[PDB]
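A short write-up of the structure that comes next.
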Amino acid sequence: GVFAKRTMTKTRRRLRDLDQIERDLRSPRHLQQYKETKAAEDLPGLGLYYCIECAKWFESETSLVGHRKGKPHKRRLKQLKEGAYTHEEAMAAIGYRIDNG
Amino acid sequence: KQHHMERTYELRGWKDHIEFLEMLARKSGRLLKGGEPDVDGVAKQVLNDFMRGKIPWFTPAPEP
RNA sequence: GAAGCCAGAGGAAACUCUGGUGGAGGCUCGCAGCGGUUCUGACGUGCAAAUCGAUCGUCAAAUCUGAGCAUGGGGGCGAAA
RNA sequence: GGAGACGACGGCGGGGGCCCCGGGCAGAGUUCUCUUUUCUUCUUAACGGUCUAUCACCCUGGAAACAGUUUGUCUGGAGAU
RNA sequence: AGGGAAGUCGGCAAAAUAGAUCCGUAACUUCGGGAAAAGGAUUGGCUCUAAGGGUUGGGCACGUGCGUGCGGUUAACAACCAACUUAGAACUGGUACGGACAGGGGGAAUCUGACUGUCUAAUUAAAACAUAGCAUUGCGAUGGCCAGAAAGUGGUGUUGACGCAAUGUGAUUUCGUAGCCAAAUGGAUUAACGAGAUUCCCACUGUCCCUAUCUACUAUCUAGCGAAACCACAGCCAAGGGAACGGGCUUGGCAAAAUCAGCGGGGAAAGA
RNA sequence: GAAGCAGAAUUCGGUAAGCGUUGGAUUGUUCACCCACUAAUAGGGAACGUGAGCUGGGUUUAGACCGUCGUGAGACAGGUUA
């Protein structure tokens with residue numbers, strides 16, 4: 001189930017993008033940036049229990065190990081195995097390159 | 001007094017009012033969407049209990 | 001998920017704890033039925049001299065209901081308006 | 001003296017009917033492809049005979065190392081198994 | 001779209017929540033509840049795995065399928081038959097996985113009635129009534145409460161104080177930075193329950209900024225059919241018309257047949 | 001037009017109604033005071049010298065409770081609800 005599915009596509013209901021998840025997994029600095037863009041006291045579990053794969057905070061470690069079995073987590077793992085879509089792939093689709101001398 | 005608040009809410013270990021209201025919200029279950037504490041509602045409860053004679057407080061009389 | 005019952009762990013016993021079983025209650029969600037809360041509702045020489053729609057209360061009983069019979073105006077009946 | 005002759009509710013068990021599955025005969029439909037396929041008929045009254053069906057009762061016998069036993073803890077030296 | 005109650009007396013209405021499995025759940029409490037509290041995780045398809053059952057059947061010695069006297073609890077084994085649940089794992093599509101339908105928004109408080117229940121058929125469903133509980137009064141039969149015109153009349157009465165009749169009230173509880181006294185508590189600041197009244201928070205949204213678009217039925221036009229309310233006569237205004245009133249009079253402005261769809265200023269129109 | 005009116009910003013006054021004159025909080029209340037934006041947030045009439053567009057309060061049929069008065073039916077200094 002999706003909560004309030006009618007307004008799911010609004011800009012104020014936007015979620016983190018998969019290429020951002022790729023950059024967070026590759027480099028910790030972007031993930032840290034996404035951490036100070038939030039307030040630690042209002043996060044579920046005070047921000048200690050966070051799944052980078054699903055970009056989601058959880059109230060407890062048992063809840064985290066709980067969602068890791070779920071098919072949303074496995075779909076996120078599958079999507080990250082196939083790889084996110086980027087501007088480099090967009091240029092390679094049309095055969096475009098960047099000339100830097 | 002601090003110990004009066006401790007026996008009133010069965011809570012201890014806060015360094016400031018924000019932490020006190022956060023631990024009180026997490027203990028009493030006053031949570032918003034996502035488990036975020038209801039600090040506003042907990043503060044309203046504390047103020048109402050303070051006025052309605054549920055937390056012990058008084059002003060000492062000036063000595064002669 | 002109440003008494004009652006079974007097994008295990010303690011406790012000198014009386015009792016305590018754990019896992020079951022059982023199926024009580026003018027308990028509860030809720031279909032029918034009964035009722036009638038709300039809508040700038042519909043209708044307003046209406047389908048109707050009180051109807052229609054959505055929503056709502058109750059739903060194992062102080063529940064709903066038929067036929068036969070009893071109470072008749074200075075009256076009767078009335079969980080009393 | 002028995003019958004006529006008697007409340008409400010709960011779970012358990014037996015039987016009839018309905019529902020469901022399989023085989024077979026016949027008929028019908030589908031059939032680009034698939035489908036030994038999908039559907040339809042295959043029934044047995046009152047009244048009787050005969051053989052059996054929980055409870056209960058009778059005979060032998062005398063039960064602790066208590067036993068039989070229901071989903072539900074009742075039964076037995078007032079005689080259980 | 002963006003914002004999210006800025007709307008409005010007032011979040012009225014609408015939106016959001018909703019089934020099931022798992023994690024977890026506070027104050028208060030009459031210890032029964034509150035509680036589906038709160039707050040989170042998950043749900044499709046396909047291929048498998050595992051667990052949960054029923055029926056039948058034991059070796060000798062004799063007499064001859066049973067009777068014995070034995071001997072044994074590895075039947076812990078074989079054969080046959082059968083259905084619905086539960087848990088686990090891989091793979092796989094995805095913007096959706098209780099995919100339609102169905103289906104709690106939640107919370108912090110205050111007032112109020114103990115609760116379940118009942119009434120104003122056709123404007124008021126409620127703090128009204130009733131209820132159990134509590135207290136008072138009368139009556140021991142040649143009696144109390146009643147009824148009838150009367151009666152050799154009737155009820156309570158197939159009755160006898162743990163009863164009958166009339167009242168009032170209306171569960172239970174009450175009635176020194178922290179001391180003393182009382183049989184753990186010092187309470188009514190009373191739990192649960194509620195189509196009762198009130199304030200607020202989160203969520204949510206066309207309530208609003210600020211409106212736009214789509215569908216059905218009308219309205220519209222046609223064929224057929226076909227009323228009623230109402231009606232002194234009638235219907236453009238301006239200034240004056242003492243009695244604070246003009247539609248008709250005076251003085252002006254003006255003023256051109258016949259029509260159709262709408263509108264709610266005026267006249268009409270409220271079982272007014 | 002006038003003013004110690006240097007400038008900037010204004011103050012007082014005149015002609016002028018062409019053109020504008022907002023968004024909100026507050027009902028334990030004569031809802032009137034605050035806040036900001038703005039060039040500015042001016043005031044009135046056509047109702048209130050009785051009076052059918054819509055909807056909240058004065059406002060008040062029938063139900064109900066509390067306060068005051070009355071022996072009582074009831075009335076009100078009043079307050080609440082539908």
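Values quoted throughout were computed directly from the atomic coordinates according to the rules given, and no laboratory measurement underlies them. Cβ coordinates were reconstructed from backbone atoms using ideal geometry, including for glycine residues, and neighbour counts include every protein chain displayed.
Within region B:35-64, residues that are within 17 Å of B:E6 (Cα to Cα) sit with their Cβ atoms under 8 Å from residues that are aliphatic (A, V, I, L, M) and more than 10 Å from RNA strand E (Cβ to nearest atom), at 6+ positions apart or across chains, in these pairs: B:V42/B:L21; B:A43/B:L21; B:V46/B:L21; B:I55/B:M5.
Can you pull out the residues in region A:33-62 that are touching a residue at least 24 places away in the same chain (Cβ under 8 Å) and not small (G, A, S)?
A:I52, A:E53, listed by residue number.
In region A:1-20, the residue that is nearest to RNA strand E (Cβ to nearest atom) out of those that are in contact with a helix residue (DSSP H, G or I) (Cβ under 7 Å, 6 or more places away or on another chain) and away from every other protein chain (no Cβ under 14 Å) is A:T7. Restricted to chain B, the set of helices (runs of 4 or more DSSP H) holding at least 2 residues that are within 14 Å of chain A (Cβ to nearest Cβ), more than 10 Å from RNA strand E (Cβ to nearest atom) and not charged (D, E, K, R) comprises B:17-28. I need a count of the residues in region A:20-58 that are of a type outside the set (A, V, I, L, M), under 11 Å from B:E36 (Cβ atoms) and surrounded by fewer than 14 Cβ atoms within 10 Å (Cβ to Cβ). Residues flagged as of a type outside the set (A, V, I, L, M), under 11 Å from B:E36 (Cβ atoms) and surrounded by fewer than 14 Cβ atoms within 10 Å (Cβ to Cβ) within region A:20-58 amount to 1.
Checking each residue in region A:63-101 for being touching a residue at least 12 places away in the same chain (Cβ under 8 Å), within 12 Å of RNA strand E (Cβ to nearest atom) and outside any helix (DSSP H, G or I) picks out only A:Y85. Restricted to region A:46-62, and to residues that are more than 7 Å from RNA strand E (Cβ to nearest atom) and assigned to a helix (DSSP H, G or I), which residue is nearest to A:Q20 (Cα to Cα)? Looking at the filtered set, the residue picked out is A:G47.
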